[PDB]
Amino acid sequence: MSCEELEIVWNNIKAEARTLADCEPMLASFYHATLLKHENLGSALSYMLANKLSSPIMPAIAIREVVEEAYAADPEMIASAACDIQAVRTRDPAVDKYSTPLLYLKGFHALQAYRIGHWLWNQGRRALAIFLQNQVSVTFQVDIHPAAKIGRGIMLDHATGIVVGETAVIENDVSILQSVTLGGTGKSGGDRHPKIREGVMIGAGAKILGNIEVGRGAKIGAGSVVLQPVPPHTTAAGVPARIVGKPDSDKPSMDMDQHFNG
């Protein structure tokens, strides 16, 4: 995601937004406020997060300032958001616009919310990070610990019931569905959550528990319970999971083939 490519995803969002105002006069001012009035993705993201997260405790106007402070300090979060937008648009056939994730999709919203909380956590502002984690769980039904380390090009399609714990890692170009847990084991601190490598697809309802590897290009079948490491470019399925095949592609996250004969 280069500076020029960033400006193209933003230009495509704007172009679409013009169409949308003309399609739905009841949302025209909504499209104007969220998209058309903004000159870059960062301003559109801070607007969305501020309004979605908002509460009596913390108004949208206050939140936006924290968000904008995060993005000034680490503008790469904006670029990660762009890659997440492209991932949804290319991988999800129900989404044919760049603007749709930004406008509507709770998984995209929760992902960008996590990035703010993560930045806050790393700055030492943990109380606020933990508040936001739990507000995002109630509001968007996605529960991501702010100490998790999550890359870019991530799709959280549908997203309700996703849980990602404190020591999890998710690398770039990972596709995760509703009700996926990357969960802990034990009652002690320490490394205890999954390590999800690049290219991995995880079907709806998968539980992956403990400090275990899911290697690059692996496919986790829907409804699996994964208790042991999954080798790269392998397909795991069942309760508990065992290796049952190998994906037909190097990066199953890009193709979303939900079959697990293989």
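In case it trips you up, residue 1 is the first one in the sequence shown, and so on.
Between 56 to 64 and 215 to 223, the higher mean Cα B-factor belongs to 56 to 64. The PDB entry records a higher mean C-alpha B factor for 70 to 78 than for its counterpart among 172 to 180 and 70 to 78. When the C-alpha B-factors of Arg126, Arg91, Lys106, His145 are read from the PDB record, the largest value belongs to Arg126. In this structure the maximum Cα B-factor among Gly117, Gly165, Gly189, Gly151 is found at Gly189. Sort the chain's modelled residues by C-alpha temperature factor and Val239 lands in the lowest third, per the entry. In this PDB entry, the Cα temperature factor of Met26 sits in the middle third of its chain's modelled residues. Ranked by Cα temperature factor within the chain, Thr185 sits in the middle third according to the deposited record. The PDB entry assigns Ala204 a C-alpha temperature factor belonging to the lowest third of its chain's modelled residues.
Placement of the Cα temperature factor of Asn40 within the chain: highest third of the modelled residues, per the deposited record.
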